[PDB]
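Below sits a lone chain in structure tokens, taken as the form deposited in one PDB entry.
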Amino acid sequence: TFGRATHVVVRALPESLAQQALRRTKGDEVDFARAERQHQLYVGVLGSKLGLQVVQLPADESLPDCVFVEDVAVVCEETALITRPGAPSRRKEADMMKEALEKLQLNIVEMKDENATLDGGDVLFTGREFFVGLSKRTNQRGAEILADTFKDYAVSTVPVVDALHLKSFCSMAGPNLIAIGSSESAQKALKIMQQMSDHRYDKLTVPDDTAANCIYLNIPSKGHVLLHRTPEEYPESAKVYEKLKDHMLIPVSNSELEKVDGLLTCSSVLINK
């Protein structure tokens, strides 16, 4: 069953994130304390409320972006691909992720190709196939290694020209539902993805591109669950998600990490055992 998960890997925020974390725009100062509170609430939802077994990795001051675990690992069934981030400063993040996943007894595959780069944020897994964004963080060689690692799934690439990663404007919101931003760029990317697949996906358009990034889970005792941005952050988008009456909607804040280009999917890696 798509979206099913039993465990989730997360990582604590390092003090260095406030001023050293990578960001496309240097503007509003990050409130570290508040960022820690939002992370605590985020982890509380996944672990306490939804009952997932949480694996909490310690923060590393030398790795300002270590909180965004999604970018260093792509998991599909029992196999985990340890990526080679497009950002040199984030490559050491793979060390602790590899150890964590190996402890969970998952088939490990490392991206050692010195000419290949891939960020987990550029990978959209629909449960049926993979869509990989080609951006400044992920290249053709990286997409090729992904396709080789998960041979039982189709892999198609799509240009990411306006955002950091593919998931900066889309994510799965349900079994056959893709949440997508209303921007022309986001809509154009979705058209390309849909044209390459032989399966017709349903789409849920939201006014705020960054609000199109949500976390969908299928919990045995609750059913369809969706973590999305709060009404305070993006009221117009939260209102759209209200249409999903068969989903257990859970508002989750992430305003501080968004300052360093971090969205909801970025802070976790879901695994099903």
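What we label the rigid core is the largest C-alpha set whose atoms superpose within 1.5 Å from one form to the other. Residue numbers run from 1 along the displayed sequence.
The discussion below concerns the form deposited in another entry, not included here.
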**Report entry** Core-fitted Cα difference of 2 Å or more between this form and the one not shown, single residue among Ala21, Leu264, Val9, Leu257
**Finding:** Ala21
**Report entry** Cα distance between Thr25 and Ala35, which in the other form differs by 3 Å or more from this form, closer or farther
**Finding:** closer
Query raised in the report: Between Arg23 and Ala35, does the Cα distance in the other form come out closer or farther than in this form, changing by 3 Å or more?
Result: farther
